[PDB]
Every structure is written in C-alpha cells, then in structure tokens.
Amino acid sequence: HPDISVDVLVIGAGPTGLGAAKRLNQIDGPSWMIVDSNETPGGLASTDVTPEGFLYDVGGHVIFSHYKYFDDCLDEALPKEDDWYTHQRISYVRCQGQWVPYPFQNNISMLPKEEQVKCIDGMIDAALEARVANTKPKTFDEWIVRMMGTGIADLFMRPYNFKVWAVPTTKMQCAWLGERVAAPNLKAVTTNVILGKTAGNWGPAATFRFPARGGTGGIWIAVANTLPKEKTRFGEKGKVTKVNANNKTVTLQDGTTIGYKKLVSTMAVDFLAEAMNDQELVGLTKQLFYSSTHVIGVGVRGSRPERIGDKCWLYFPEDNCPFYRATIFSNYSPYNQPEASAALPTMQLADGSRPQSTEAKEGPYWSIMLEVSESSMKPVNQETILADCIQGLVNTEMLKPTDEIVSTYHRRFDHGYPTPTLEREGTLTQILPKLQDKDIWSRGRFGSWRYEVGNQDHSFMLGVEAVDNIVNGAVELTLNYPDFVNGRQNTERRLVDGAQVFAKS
C-alpha cells in the first residue's frame, strides 16, 4: 500500500498541470493531488529576477487566449484593474538598417526599390503558380515560398525560422500552421508598395494584457494560490523520480509513494519515459526533436529612447546578431525593472568599455529581453553568448555604444521548443497511444509536444480537457484538433458550469 492514494494524480504545476488542478478542484468529485519539483509553480511561464531588480520571463511571453475558461481563471487569480496593463500588439522585423512593421510583406516599401522589384517579381511567380496548384505543401519551406515567393521568403521567414527552430525549414512539416491555403495576397502587397505606405497588424482592438507585478510568473503563482494547499506538494518534496506504470505508483525524491487510478503527466515526455524505466518508450521519445532556449536580459540606464518607442517584440532574420527575437520588457510593466529613484552603478557600456565612474547613479531604467536558440545542429557558446548578444544590440542599433548597462541576465533552458519536424507525428502516434493504454494522459508543451497548441492558454486547457476526458468523457480537442480550437473562441466551458450551479441549490 502506497503512502498516499488519489483518484487522479497530476505531475507538474506549470500552466498545464494547474489547468488539470483547477478543473479537478471545480468538479470536486474524484480525489486528486498535484506535485512539482519547484517550490514555485509556473514552469516555463515563470519569471526570474536579477540581483539589481530586473525581472525576466522565459523569453517573450504574450498572452492571446482562445478560451473563456482560461480568462475566468486569470480573472479569479488577478481580479483588480491594476493587476494588469493593456498594450497593443506592436512588432517589427529588423532588416537592412530598418525597423519594418509586421507583417513583413505588407511593408517592403521601406526597402530599396531594386529590391522591391525582386520581391514583387517573386510573389507574382507565386500567385500564378497558386492559381493552378493542385497539391498541398509538404514542408515548412514549401509553405513559405508558396505564400511569399522566393525574394520575400529569403529576406525574412527562411533565415528567421532557422534562427528560431535551429533546424532548416526544409526539415519541418507545415500542417501545424493550419488550414489556410499557401498563396500570396499579391494585391495587398503591390498596393502598399505603390502607395509607399506602411501598416502594422495592430490597432486599438489588437491588444494583450500583461501582469502589473511578478512578470508572467505572477499569474501562475496567483492561480496556484486558489487551490487547497494540502492537495499540493511543491519543492524537493514534490520531485518525481520513479513512475511504475504497471502498479500505478509514483515515487518521489524523499521516498514518498503515491497510488493513482489516472495519471496526468505534464513533464517532458522524454523525461517521463526515463522515469518509467520503459526502454521502448525511451527509444521512441529520443526520436522527438527539440531546441534549447538561452534567455539573455539587459538592463539599461536612461528613459526609453525615441528609436525604441512603443515597440513590444522584434524579429531578427539577419546574421549580425545571434538572437532571433527581442522584447522591450520594460514596456510591458513599469514594475519589470527598478523605479527611477533606485541607484545602480554602471556595469559596462554597450561597446564593452568600463564606465567613467563606478558610483551608483539613479535611473530611470529600460530593459531588453533576448532569445537565442540551441540544438545539436546549432551550438551555443555559453561563455560568450552574453557579450555576443550585447554586440548584437549595437549592430542592430537597439543600443548605442555609449548606452550604460546596469544589469545582465543569462539562463539556459534545456527544453525550450518542441520542433514540428517532418517525423514528429509519426513518432507521437506511437508514444501517446501506449501511454494512454496505461491510463496516462501525457499533456502539455513537452507533455504532448505540439507547438501549434503550445502557448499558455493551450497548455492550461490541455490540462483542463485531460481532466474533463477522464471524468466526463469530453473530447480532447486542443490535443487532437489544433485548427478547431485555434479557429474559434471556445466559450462553452466556464469556471462555473451548470453542475456547480445546480449542486449549490
């Protein structure tokens, strides 16, 4: 007999596990428990802080919710108007000395005319081919070139996506991008070129909300806090080390054994296989591909420079900087960095020089959060990546050589991106059914490994829907039909359903 027995056990308290727990807590039927090896819940949706007081998410984290259930839980966790800040979705592509508004193709009027001619010629070729196309694209690369044509593909989406995924676009599938036909909007593109016009895909209606305090990590701490504490076990005491699927028993770090009837696992599925000591599953999960994420943070003295302005996140297709994305993290909340009256010495200038004085001086401060990818096809020198990132900030004119840096941050995250390779689905449809046969619901960004449902809201709902399937026979729609859930606002499931309404009466 185990030390503890529950109907449903949940491993992990990132957004996916917390979803499972929130739904179980709402249903309040079967018994349950959630564990995590970190005392702080949140997973990759967590937030670090430097000794100088600059917060950093795990790279750019911007919420767009497809589900009212997700909204209900965030509202419950952070219910006050000044728990949040609202911003427009402002993004740009760095190209040939210019900040080009996203989407790139609608804004190539900013490039030299001779280059515009090449882009348009290429997209004309694609428009004519699309008019007679009778096959689907088979790779990410084919999808890109059929949407954009050669010239525009080569300027942004091809080199950018290699810097992100750390594998060539010819090695990835394209089903994950959804059901839309790969074909250009030639009229929209030539119209903006003719008018010499620029236009972003944002406005008063295209917004996101970010937490006032604690970074993205503030959300999940708050969400976790709504659960009954005694059904949680976070920290070293909550670290899973063994999973015996045949006896339906988990063993924790300190030796505690937990019996379950159903298991929701949200740790990386390659880690789960190892914990199960299942050679077959180990082999299979080693054939999944993923990239690692280096997060670099830079804290800068001074008020926000005009050239940065209201920018939120930024794309970097070119080879003069190692990062694929930059976020102006100080624009997300004034509490993501110290207040203007806090005093910090300058650590270095952006060109690498020593400051004239080592004395602590006042702010205000602004802040840049950078992402660099790593894989077996794309090594990252961990001892120089910070300095390379800062040199990249100068090359891209985000920072002047004279800008004063008062804080630095670097951390590597082993499982960063689950890669939509050509082989992914072939491998996943061997792994997930075997786990399912053992009453194990392996779910989440690395729990079920599908990037197209890999954001916070997807993850949270993968947990929720996993519980709903276990208990109420719900379809796991987010897991099996990404296009379905991403193409609609999912409104039916709420934090208060009829069941709880009728029971209370």
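Numbering starts at 1 and follows the sequence shown.
Item to check | Mean Cα B-factor comparison, 214-222 or 355-363, giving the higher one as deposited | outcome: Looking at the recorded C-alpha B-factors, 355-363 comes out higher on average.
Checklist entry - If you average the CA temperature factors over each stretch, which comes out higher, 396-404 or 431-439? => result In the deposited entry, the stretch with the higher C-alpha B-factor mean is 431-439.
Next on the checklist: In terms of recorded Cα temperature factor, pick the maximum from 151, 255, 317, 299.
Outcome noted: Going by the entry's C-alpha B-factors, 255 comes out highest.
Next on the checklist: I'd like to know which of 243, 387, 111, 321 has the highest C-alpha temperature factor in the PDB entry.
Outcome noted: Top of the list by C-alpha B-factor: 243.
Next on the checklist: What third of the chain does residue 209 rank in for C-alpha temperature factor, lowest, middle or highest?
Outcome noted: Highest third, going by the recorded CA B-factors of the chain.
Checklist entry - Of the three thirds of its chain by CA temperature factor, lowest, middle or highest, which one includes residue 378? => result Within its chain, residue 378 is a highest-third residue by C-alpha B-factor, going by the deposited values.
Item to check | B-factor third for the C-alpha atom of residue 53 within its chain | outcome: Middle third of the chain for residue 53's C-alpha B-factor.
Next on the checklist: Where does the C-alpha B-factor of residue 371 rank in its chain, lowest, middle or highest third?
Outcome noted: As the PDB entry reports it, the C-alpha B-factor of residue 371 lands in the lowest third of its chain.
Checklist entry - Going by what the PDB entry lists, where does residue 307 fall on CA B-factor within its chain: lowest, middle or highest third? => result According to the entry, residue 307 has a C-alpha B-factor in the chain's middle third.
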